[PDB]
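Asker: Got a structure for you, written out below as structure tokens; questions coming shortly.
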Amino acid sequence: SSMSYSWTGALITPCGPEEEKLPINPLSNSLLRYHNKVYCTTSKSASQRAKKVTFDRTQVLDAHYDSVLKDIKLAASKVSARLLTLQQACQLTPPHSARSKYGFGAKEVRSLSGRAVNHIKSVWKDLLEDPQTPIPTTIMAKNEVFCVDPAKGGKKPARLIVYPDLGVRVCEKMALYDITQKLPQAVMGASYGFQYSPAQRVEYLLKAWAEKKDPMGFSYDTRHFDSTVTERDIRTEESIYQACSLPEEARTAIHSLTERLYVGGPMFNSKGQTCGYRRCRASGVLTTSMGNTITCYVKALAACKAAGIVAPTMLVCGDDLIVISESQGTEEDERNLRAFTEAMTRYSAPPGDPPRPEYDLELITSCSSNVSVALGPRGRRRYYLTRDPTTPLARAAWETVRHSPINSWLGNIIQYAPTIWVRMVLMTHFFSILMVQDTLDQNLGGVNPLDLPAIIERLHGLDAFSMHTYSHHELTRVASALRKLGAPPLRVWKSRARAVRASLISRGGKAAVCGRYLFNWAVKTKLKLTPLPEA
RNA sequence: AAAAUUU
RNA sequence: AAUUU
Ligand SMILES: C[C@@]1(F)[C@H](O)[C@@H](COP(=O)(O)OP(=O)(O)O)O[C@H]1n1ccc(=O)[nH]c1=O
Ligand SMILES: [Cl-]
Ligand SMILES: [Mn+2]
Ligand SMILES: [Mn+2]
Ligand SMILES: [Mn+2]
């Protein structure tokens, strides 16, 4: 029936110039050697991406879908949710959000400039006066950085971003933000994945696994999920939004946004030309995560019931999920997962890689991460969250005139502090760099390097500084990724760390704490690391 | 471009 | 600001 896109033939123009790396990457040329592998997806590649995501959809629902959907509205109606004052919505706008076509940008919106506020008022009138006229959208390519992978293609084509003018974005917020805050949690309960910390993901997954007499797990992801979303799916999304308690004024705006923005519309490139027309999810709308998550959750629970999955326990973050089920023997488990996949495909959410049942928690990847295990100080098992380091290390090497990766380094250090690759590689480099710069004191992205031991303990527990005997998988994968990027192997990082440490210690102060906590793995005679007053 | 988490 | 979807 519905085609996901149609294309005029107009280019997908760049929204400003997309920078090149330089001949010298001074911050990262001691991190790794193979900078030729580190690239940023350009708008040149956008054409290819479109070809991949433009395709015909044929949804076919059934009793299981219909029944799940029913249950989800009886959930929805316990939610009452309100409008957001034009002002409050303006306040929620990000500081650097792309400026409006009508001569104002996010400074003005957040500072409640008069021109901005009027224009927004008029936009919201038109939403109320008019529930059919399609709202124009802009289409741009996303700039992510990756390592090349000649296994899976050379270089990925750029993801497509589709969004309305800033005025419309504010209005969306007025109508829906409150919903986004309440609905999913209400509908999916514990299954709603974006509620949890990394640590709670891990505990949740473990509680799940442990509760089964004979657990079986698997993950699923949908291929180009946004383009698999059907006009109908979106309307079904609306009909769930509506199922709450709502100011009549909302309903009108929601319904109006649904029909004018969410189910489709014309797309324009940055140069102004008509680019195509869209009949699936737009990436750049307020409802994207909520939508994806809810919709994916419906289809998945339906597919679960179709396929026979016993005692499923789910976790959903957008198009990504994990189900931990009672195993029905491998012969049947293989059969049920085929069924699941057929069902999902009938619902128009077919997978990239077909899923597979697994019976070891380390072998289930989702949202690009997984659970692994190591031993802590007293010799007990410690489960934690990790991931292939390839991309993090690639992004660690993205240095241009505009961009510096030092923030990225730190970002990953915090999120993945217990991982062997953060502890041995990133930390070591990060500190080594700042000691030489002599810029330990400086707060980066509103965080101070010398707090780190505190911040990590607060978040990952003290065992994060004492962990050892990492898993085969994890050692194999780290080593492999360092070779791939032309980085020194771990033995070399051991050396560099020892040096960084001694130097950190000798400097004394909050420094020497860092030296002693963060790098205790690096030394022959370990130390009695005790809790830190701060967290 | 949007959200969530982390800070 | 970091990461993810
Ligand atoms: C565009 C999506 F709908 C996308 O289709 C969906 C699923 O994410 P995934 O990373 O699996 O990518 P695809 O499924 O290939 O789109 O999540 C949304 N998404 C993703 C990446 C992103 O920077 N922003 C975003 O809004
Ligand atoms: Cl322990
Ligand atoms: Mn996907
Ligand atoms: Mn309606
Ligand atoms: Mn995904």
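Going from the start of the chain as shown, residues are counted 1 onward.
Keep in mind that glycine also has a Cβ here, set from the backbone N, Cα and C atoms.
Swiss-Prot feature annotations, pasted as is:
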BINDING   A:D221, A:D319, A:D320  Mg(2+) 2 binding site
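Quick one: how deep are these features, and who are their neighbours?
Answerer: Cβ neighbours of A:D319 (Mg(2+) 2 binding site) (same chain, under 8 Å, six or more residues apart in sequence): A:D221, A:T222, A:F225, A:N292, A:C296, A:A349.
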Asker: When you measure from each Cβ to the nearest atom of ligand 2, which of the binding-site residues A:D221, A:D319, A:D320 fall under 6 angstroms?
Answerer: none
Asker: Which residues does A:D320 (Mg(2+) 2 binding site) neighbour through Cβ under 8 Å, counting only same-chain ones at least six apart?
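Answerer: Expected: A:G193, A:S219, A:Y220, A:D221, A:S366, A:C367.
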